[PDB]
Trainee: 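Dropping the structure in here first, questions after.
Reckoned from all heavy atoms, side chains included, excluding hydrogens, waters and symmetry mates. By convention here, the first residue in the shown sequence is residue 1. Ligands are counted one by one from 1 in listed order, and the atoms in each one are counted from 1 as well.
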Amino acid sequence: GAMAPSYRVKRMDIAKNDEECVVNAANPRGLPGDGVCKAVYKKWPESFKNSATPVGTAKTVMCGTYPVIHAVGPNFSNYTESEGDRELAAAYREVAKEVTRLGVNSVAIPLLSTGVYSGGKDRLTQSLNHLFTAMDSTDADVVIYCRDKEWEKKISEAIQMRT
Ligand SMILES: Cc1nc2ccccc2[nH]1
Ligand SMILES: [Cl-]
Ligand SMILES: [Cl-]
Ligand SMILES: [Cl-]
């Protein structure tokens, strides 16, 4: 575990993280995809061997000794708000199980279902609050990766509000 487990946010490519493992915002079929998933595929392509897994689950595949946790958030274009919310909470609970099992002291995480799976809605608060529900009981240092400057400010404020 980390000496004083923390949350941080960085505005940069998660493929350049400084943590002991990475969470991929994966698709259920293990395909290269786009956004976070394509960056992860370019950096750790070996991790996409038998990475296919259902919505609401997470599957870990090694790239050398570096773990890639493929977490499959719902596509809100396809799910009801209610069913999508349940699957999004579930995907993060499965990430917390994998981070615990791996014994890592740190993890790089994106906000699941906030990009092309958002069904065109702003889901920053929804996705972040499900990330906290899952990860609060883990002792890894969590570093949240985003692209947008306004999202960085909002995520930082949400972290700071609990401190
Ligand atoms: C956190 C993160 N990493 C990315 C890589 C490519 C595109 C969007 C991304 N967002
Ligand atoms: Cl970057
Ligand atoms: Cl997404
Ligand atoms: Cl973002």
Trainee: Can you report which non-hydrogen protein atom sits closest to atom 10 (N) of ligand 1, along with the distance?
Mentor: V36 CG2, 3.4 Å
Trainee: So do the side chains of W151 and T114 get within less than 4.5 Å of each other, counting heavy atoms only?
Mentor: yes
Trainee: Are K153 and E150 close enough for a salt bridge, meaning some N to O gap below 4.0 Å?
Mentor: yes
Trainee: Taking the side chain as every heavy atom from C-beta outward, state whether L112 and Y92 have any pair of such atoms under 4.5 Å apart.
Mentor: yes
Trainee: Considering the heavy atoms of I14, write down every atom of ligand 1 situated less than 4.0 Å from one of them.
Mentor: 3 (N)
Trainee: List the closest protein heavy-atom neighbour of atom 5 (C) of ligand 1: residue, atom name, distance to the nearest 0.1 Å.
Mentor: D13 OD1, 3.4 Å
Trainee: Can you find a pair of side-chain heavy atoms, one from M135 and one from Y7, that are under 4.5 Å apart?
Mentor: yes
Trainee: What heavy-atom pair brings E20 and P67 nearest, and what distance separates the two atoms?
Mentor: O-CD, 3.4 Å
Trainee: Under 4.0 Å from a heavy atom of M12: which atoms of ligand 1 are those, numbered in the order shown and with their elements?
Mentor: 1 (C)
Trainee: Are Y41 and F48, when compared by the centres of their aromatic rings, separated by less than 6.0 Å?
Mentor: yes
Trainee: In ligand 1, which numbered atoms sit nearer than 4.0 Å to a non-hydrogen atom of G35?
Mentor: 6 (C), 7 (C)
Trainee: Considering the heavy atoms of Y145, write down every atom of ligand 1 situated less than 4.0 Å from one of them.
Mentor: 1 (C)
Trainee: Could you establish whether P110 and ligand 1 come within less than 4.0 Å of each other, counting only heavy atoms on the residue side?
Mentor: no
